[PDB]
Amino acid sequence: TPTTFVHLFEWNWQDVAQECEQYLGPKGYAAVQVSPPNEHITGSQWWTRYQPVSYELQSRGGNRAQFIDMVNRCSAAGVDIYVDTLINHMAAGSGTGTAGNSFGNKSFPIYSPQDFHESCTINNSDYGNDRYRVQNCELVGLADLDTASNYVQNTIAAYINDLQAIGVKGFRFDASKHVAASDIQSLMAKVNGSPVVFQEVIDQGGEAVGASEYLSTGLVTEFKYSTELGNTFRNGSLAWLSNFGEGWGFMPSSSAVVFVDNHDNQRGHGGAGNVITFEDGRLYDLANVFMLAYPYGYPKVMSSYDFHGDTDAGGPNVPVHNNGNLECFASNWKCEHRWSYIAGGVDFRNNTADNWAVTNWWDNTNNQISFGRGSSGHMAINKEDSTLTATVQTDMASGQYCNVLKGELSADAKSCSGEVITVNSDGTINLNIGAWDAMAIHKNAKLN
């Protein structure tokens, strides 16, 4: 069952299409969130994508034909496409777009100065005590669209509807906090059918505008998850995660999009240094394994590029699929979605989707934990400095299982490529997990 999606950050349309056929589809990823496909300002920085010029599908990722080709090919592979949609603003200042269009002084090919709110600057203190300014003023100089305007709502809705006609199945509403929930409600009334919509709302608490305000218009990014997970993994005890989720004050599980990190917070925007990223190696593996095994939210796996400490830099000057060579795992594209523990966690989540309870939780009061998903699967994480050798109780059928974090079941089901885990006749497992390692087994990766 499809349960997880991935963000192919700055991946061009040809690389995504190929990734869908060769990897995402076969491995079970539900969908792909692509970078903004519309016309945006010129420049090499990754953030140019967040300054729209028009809704023409001519961007750094490719042209309209390549985009349509990507949707079709991904769709055939069983993978949906979610489009990062800019509903709050247009480009700042003046200049030229990726499709040749000129703009300037809030004058764009599809909007006039009258289609924007009167200019004012959002100040940091406005977040805590002035919802009017947060939603009507400019976010770092970006022209703030008058989202209450029928013309503006029709224009954005037409774009969304055009994407659905092409085959796009979902949408990410960028900077949703900066748009009144009621404006989004009016917008959605113009959207055909019921596509998957998730809204970016950064709410760690103490904001004038809250995440709960967007629950009736779709899913909402739960930023507390990323921050607390990172904080617990680095500075706390894993034992504390036994009631992670609503128990910690998070929004309803069925309404949340969760992640270890995202394109913003891995660069210091919306997250401090406690956020765990690819740079943390094995710590990142372990954090993803917990997220993917734990039954809270709709997880989004991150797929980054090594930015070499430059938080403004755009992606690599080389494609992922480069003349038969895969530009992954090194100093270009990181391809975390292909990392063994991460793809294995996705497999675990996909095969335990028939039991969303956390069963038989066990911990050593500190950094060793183990829990099951009923008789569908079991997992354990060892973040201590000594081997985890405890005997844990599971509800699983006795037999031999492939530790899916380190390998997989062969076609004929007679062998695994990685280590084997034995479930004894009484349902127990005598663990043998080294420091900073983990194991996960499920009913669909059982031997012979």
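Start at 1 with the first residue shown and count on from there. Each form is matched to the other, and the largest set of C-alpha atoms that superpose within 1.5 Å is called the rigid core.
*Asks:* After a core fit, does 298 to 306 or 271 to 279 show the bigger CA gap to the shown form in 4 other deposited structures of this protein?
*Replies:* Between 271 to 279 and 298 to 306, greater C-alpha deviation in 4 other deposited structures of this protein belongs to 271 to 279.
*Asks:* Quick one: core-superposed, which stretch strays further from the shown model in 4 other deposited structures of this protein, 63 to 71 or 407 to 415? Go by RMS C-alpha distance.
*Replies:* So, of the two stretches, the farther one in 4 other deposited structures of this protein is 407 to 415.
*Asks:* On average, which has the higher Cα B-factor in the deposited entry, 94 to 102 or 137 to 145?
*Replies:* The deposited B-factors put 94 to 102 ahead on the C-alpha mean.
*Asks:* Higher mean Cα B-factor in the deposited model: 84 to 92 or 309 to 317?
*Replies:* Mean C-alpha B-factor is greater for 309 to 317.
*Asks:* Compare the CA B factors listed in the entry for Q51, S35, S386, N403 and report the winner.
*Replies:* Reading the PDB entry, the winner on C-alpha B-factor is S386.
*Asks:* For the listed residues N123, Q153, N262, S112, which one has the largest C-alpha B-factor as given in the deposited model?
*Replies:* The listed residue with the largest C-alpha B-factor is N123.
*Asks:* How does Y23 rank on Cα B-factor within its chain, lowest, middle or highest third?
*Replies:* Its C-alpha B-factor, which the entry lists for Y23, ranks in the highest third among residues of this chain.
*Asks:* Considering only modelled residues of the same chain, in which third does the CA B-factor of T1 rank: lowest, middle or highest?
*Replies:* It belongs to the highest third of the chain when residues are ordered by C-alpha B-factor.
*Asks:* Going by the CA temperature factor in the PDB record, which third of the chain does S370 belong to: lowest, middle or highest?
*Replies:* It falls in the bottom third of the chain.
*Asks:* Test of reading the entry: by CA B factor among the chain's modelled residues, which third contains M302?
*Replies:* Answer is lowest: the recorded C-alpha B-factor places it there.
*Asks:* Quick check on the deposited entry: does the C-alpha B-factor of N351 sit in the lowest, middle or highest third of its chain?
*Replies:* As the PDB entry reports it, the C-alpha B-factor of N351 lands in the middle third of its chain.
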